[PDB]
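Below you'll find the structure, written out as C-alpha cells, and then a few comments.
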Amino acid sequence: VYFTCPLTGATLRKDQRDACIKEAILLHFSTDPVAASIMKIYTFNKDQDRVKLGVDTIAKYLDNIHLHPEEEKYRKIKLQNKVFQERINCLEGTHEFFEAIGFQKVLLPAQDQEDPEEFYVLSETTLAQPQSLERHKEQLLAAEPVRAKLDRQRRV
Numbered sequence: 121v122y123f124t125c126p127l128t129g130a131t132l133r134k135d136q137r138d139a140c141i142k143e144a145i146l147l148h149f150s151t152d153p154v155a156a157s158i159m160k161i162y163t164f165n166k167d168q169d170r171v172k173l174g175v176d177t178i179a180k181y182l183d184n185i186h187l188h189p190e191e192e193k194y195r196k197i198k199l200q201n202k203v204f205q206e207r208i209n210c211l212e213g214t215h216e217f218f219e220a221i222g223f224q225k226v227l228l229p230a231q232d233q234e235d236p237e238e239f240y241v242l243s244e245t246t247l248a249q250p251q252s253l254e255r256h257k258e259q260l261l262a263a264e265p266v267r268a269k270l271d272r273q274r275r276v
C-alpha cells in the first residue's frame, strides 16, 4: 500500500508515513516556525482528544492577554499550572508553537514560592499588535494531523 507525502511529494509505504511527514514538519521550521509547530502538535501526538484540549487551553491564554493587553498578569503563562501540565505539557510541539508566536521561556519568582518557576512571556513587539496572535490562534485551532494521501496507483 503506497501513499504520497503532501509535504515532500515522496512515495511511501503504510509503515513509512510517520517517518517522512515528521521529518518534513521538523524541516519546515526554517520557512514558517508557526506553521511547522502547528503541524507538529496535531501530527506527532496520537491522542487527538488531548491535542484538542491542549490547543483550546493555549487559545484561552492568548485571548486572556487580548482582553487586557495592558495588564502584566496576563503576559506570563505558567508552565507548572495544573491545567497546562495536563493538556499542553503532555503534547509534542506546543513549546515550539509558543516560541514561534513571540513567547520567551524565562524563570520568574513565584508569588508564594522561593524557587523560580517557568513562564512563557509575550514580548512587547507582538503584544503591541494583538492581530498577529489572533491569526496564529485561528491557524492552530483550525489545524488537523498531517497524513500521507493514499496513492490509487491506477494500472491496467
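For the sequence shown, full-length UniProt numbering puts the final residue at 276, and the numbers step up evenly by one. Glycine included, C-beta positions come from ideal geometry on N, C-alpha and C.
Boundaries of the beta strand (DSSP E) in which residue i is found, first to last residue
| i | result |
| --- | --- |
| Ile-197 | 196–198 |
Collapsed DSSP secondary structure at residue i in the structure displayed
| i | result |
| --- | --- |
| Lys-134 | coil |
| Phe-149 | helix |
| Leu-187 | helix |
| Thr-124 | strand |
| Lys-166 | coil |
Supposed close pair residue i, residue j - CB separation, criterion 8 Å
| i | j | result |
| --- | --- | --- |
| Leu-127 | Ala-144 | 4 Å |
| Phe-223 | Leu-242 | 6 Å |
Span of the alpha helix (DSSP H) around residue i
| i | result |
| --- | --- |
| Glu-206 | 202–207 |
Below-7 Å beta-carbon distance, residue i vs any chain B residue
| i | result |
| --- | --- |
| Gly-174 | Of the protein chains in the structure, only one exists, and it is not chain B. |
Report the start-end ranges of each beta strand (DSSP E) in the stretch 210–259 that is 3 residues or longer and not cut off at the edges.
223–228 and 237–242
Stretch-stretch touch, CB-based, cutoff 8 Å, three pairs: the stretch 205–217 with the stretch 157–176:
yes
If contact is defined by three or more beta carbon pairs under 8 Å, each pair taking one atom from either stretch, is the stretch 244–255 in contact with the stretch 219–235?
yes
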